[PDB]
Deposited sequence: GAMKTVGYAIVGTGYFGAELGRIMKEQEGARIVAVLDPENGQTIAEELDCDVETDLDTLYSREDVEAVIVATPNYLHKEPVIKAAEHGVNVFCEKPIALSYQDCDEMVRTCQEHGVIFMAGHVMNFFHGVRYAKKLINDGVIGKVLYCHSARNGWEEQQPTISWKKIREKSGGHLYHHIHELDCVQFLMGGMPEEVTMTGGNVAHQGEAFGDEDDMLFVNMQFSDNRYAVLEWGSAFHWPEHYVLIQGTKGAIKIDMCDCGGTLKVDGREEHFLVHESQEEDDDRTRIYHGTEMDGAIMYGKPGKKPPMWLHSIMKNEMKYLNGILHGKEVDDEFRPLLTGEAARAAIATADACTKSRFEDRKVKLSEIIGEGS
């Protein structure tokens, strides 16, 4: 029984890109043909035992490149996805898809028009506890979802070098760089809100031009709401998603790692990740890095925690399945139709606008009933 090989290029072979390469390489029917990275491409090509390309059009033009993993910095996703689509190459793109809805919409439409595949790297949807939460919600356990509350709040000391992840024009700041929590809320509420308000600023880090506190206030259709908090100036650390419905509530805690279901007077626990060891390992890490959350951000030469390494495996395996003709499940459909890429960058843009312009923003002000 043959089983067809797909040739993968990797564009951007830093912390996350290098590791997606290590992972895809060892999946069934998958080969790393070549990578592109001006800084770290020679190094990671020696490790993966593949070629080095320096031009996108040359790279995509190769017969042996049928698919590309895009993991450049957040601001540099546009050019690699558009050229792969132009050369008939299927695409996986890291979060955040882009730093503007214009950019994200052009990327999804180009890939649709050239009939290639576009998978959005919204990796939180592969977390065991997120999947369990969706199963419980769809089964009607907590009833209709009324309210989601996210937070991703820690304290970051000012480092010796300022990373690109810390520059707003390159990272898009906390809202874009940690968009997982916005995407998560949007998935659980079944789409975008009608209207957002975001406040915050740089409260403690004025000396890294990023906002260090952000507070979002979302109004959804048919009387539902959400509140989302981010940043790097909170001396009381918090990282969770809370889901409150007509019959019950669910908490996915990522600081004290565990899931909680509340129904009647009853209270069940469930795993966020693949095993009690992964959950407990996460909890140890957050305890260790309470005084300085800055050490938690990846660099070329560092390695992801267990919980993250495992969902990267789940995700690279799901992607490889798709590219071998596997049917997509309703559960992950929105990572390919483009609905989730668009919904996350739309709402992010809407929030960014709200804050810089000091006013409430309708999501129509970013969509416009486009196509």
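No C-alpha positions are given for the deposited-sequence stretch 208 to 210, and it is the only one.
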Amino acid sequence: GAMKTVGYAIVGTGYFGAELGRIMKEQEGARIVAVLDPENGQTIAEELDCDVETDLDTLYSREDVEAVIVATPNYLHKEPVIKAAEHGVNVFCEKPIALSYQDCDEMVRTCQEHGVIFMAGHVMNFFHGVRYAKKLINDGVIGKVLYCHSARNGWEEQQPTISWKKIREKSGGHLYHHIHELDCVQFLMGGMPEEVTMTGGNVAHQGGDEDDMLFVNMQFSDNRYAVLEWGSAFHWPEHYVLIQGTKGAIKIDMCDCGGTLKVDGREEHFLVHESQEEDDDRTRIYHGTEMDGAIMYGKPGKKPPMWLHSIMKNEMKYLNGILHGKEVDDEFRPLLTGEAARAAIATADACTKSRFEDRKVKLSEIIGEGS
From here on, numbers count along this sequence of modelled residues.
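Checked against the record, the higher mean CA B factor of 157 to 165 and 269 to 277 lies with 157 to 165. Higher mean CA B-factor, judged across 61 to 69 and 340 to 348 from the recorded values: 61 to 69. Comparing the C-alpha B-factors of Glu229, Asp264, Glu238, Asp183 in the entry, the top value falls on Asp264.
Among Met316, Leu308, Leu335, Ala45, the highest C-alpha B-factor recorded in the PDB entry belongs to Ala45. For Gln206, the recorded CA B-factor ranks within the highest third of the chain. Only modelled residues enter the ranking. In the deposited entry, the Cα temperature factor of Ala84 places it in the highest third of its chain's modelled residues. Among the modelled residues of the chain, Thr197 sits in the lowest third by CA temperature factor in this PDB entry. When the CA B factors of the chain's modelled residues are split into thirds, the value for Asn138 lands in the highest one.
Among the modelled residues of its chain, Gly258 has a C-alpha B-factor that falls in the lowest third according to the deposited record.
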